[PDB]
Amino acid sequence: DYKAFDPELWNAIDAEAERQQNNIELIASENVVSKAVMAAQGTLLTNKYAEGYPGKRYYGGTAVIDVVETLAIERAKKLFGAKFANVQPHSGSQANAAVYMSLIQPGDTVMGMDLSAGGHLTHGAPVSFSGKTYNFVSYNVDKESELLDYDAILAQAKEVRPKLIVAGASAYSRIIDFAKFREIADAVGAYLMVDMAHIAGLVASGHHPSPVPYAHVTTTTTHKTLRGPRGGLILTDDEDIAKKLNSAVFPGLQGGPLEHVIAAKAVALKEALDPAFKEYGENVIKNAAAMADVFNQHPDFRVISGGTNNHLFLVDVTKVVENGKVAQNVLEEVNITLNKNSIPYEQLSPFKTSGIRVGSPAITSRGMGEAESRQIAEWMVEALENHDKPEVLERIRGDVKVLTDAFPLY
């Protein structure tokens, strides 16, 4: 019994397990992983150094690690239909760094989605290595439709002449057209990288068309909709690019991979390969549309782009509260966790924002369905509308507890 040695730490772990059980987790980038995923991360694979790749390592006694890493790779290939995979990146951010390193040079120009419009930090923020090393020039969404305008993006690319175009987002609710992004890249001789971190589980379930046949390289996190452990993954169909990607991950950016986490990737990928995973995908789509629909009908709330065809959506809350930060703090008091989030053409400070981002994967992984989704959104509307009324929130909190007990986390 090692927990008696460190009660401060293990009490804190217990408190987080209860926090998670008693919350409605709507943070769009989160999920609830299986016990098998957790168990694999909890193995003595953490003891093993394995610099290199399967069969070409720098240390003895890696033949079993090699089987494990090869399972992950072969499963990623099979699930996503790619000819090559690298399962070593420690995160989505490292995965993306490796692609840039493989395809372009410092100072080269890159187009990626504007951060207010849902692009990631590693898609060119000035405070990220991405913006510091490469010349990123952002494309945006249409100001009226809040949709990607492929003609506008094509004309911009024709002016900019990037070496690389990055597609993918952290907060865009609509289907991204990867065929068009590749047309656009081809029109200027650019590579196309798709960062499908947020939608990888939908791509896997068949609810979002795949970037894989269109992107020269596809990156993703394994956590998020794919419902795996925290880490990165890189896919391509080009063998020469694959070799570069491999050198870039190691020795380029990383040292020894986290082979216990890689085992957990293999676990998650086999889960996503199972027919049940499609049904999970299907519910993710439905649950998010149901919550979105509630806000759509309510007159003091607008939903960015008018709705969603994926797992997430953004809501402008400024009619009802001052900003997204506030909205987040309030929903938190009724045990509903999400995050504030800039909306396209955000007017307010980055640290306030005008919006909230909502996602369905975690509640869907707990077994909730359309009715519960709808109710959760009613509750959010209701709490925001009564934010100054402690008696209302206290009641909403009570009702939330009935729902969380009914769909227990583990």
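Residues carry their position along the shown sequence, with the first being 1.
Engineer: Using only the Cα atoms and their B-factors as the entry lists them, report which of 311-319 and 69-77 averages higher.
Structural biologist: Averaging CA B-factors over each stretch, the winner is 311-319.
Engineer: Could you check the entry and say whether 301-309 or 260-268 has the higher mean CA B-factor?
Structural biologist: For C-alpha atoms only, the mean B-factor is higher in 301-309.
Engineer: Among 334, 157, 245, 235, where is the Cα temperature factor highest, going by the PDB entry?
Structural biologist: Each of 334, 157, 245, 235 was compared by C-alpha B-factor; the highest is 334.
Engineer: According to the Cα B-factor stored in this entry, which of the following is highest: 45, 33, 64, 384?
Structural biologist: Each of 45, 33, 64, 384 was compared by C-alpha B-factor; the highest is 384.
Engineer: Hey, what third does residue 362 fall into on Cα B-factor, ranked over its chain?
Structural biologist: Ranked within chain, residue 362 CA B lands in the middle tercile.
Engineer: Based on the deposited C-alpha B factors for this chain, I'd like to know if residue 340 is in the lowest, middle or highest third.
Structural biologist: Answer is highest: the recorded C-alpha B-factor places it there.
Engineer: Which third of the chain does residue 239 land in by C-alpha B-factor: lowest, middle or highest?
Structural biologist: It belongs to the middle third of the chain when residues are ordered by C-alpha B-factor.
Engineer: Using the B-factors in the PDB entry, rank residue 137's C-alpha atom against the chain and give the third, lowest, middle or highest.
Structural biologist: Within its chain, residue 137 is a lowest-third residue by C-alpha B-factor, going by the deposited values.
Engineer: Please place residue 100 in the lowest, middle or highest third of its chain according to the CA B-factor in the PDB entry.
Structural biologist: As the PDB entry reports it, the C-alpha B-factor of residue 100 lands in the lowest third of its chain.
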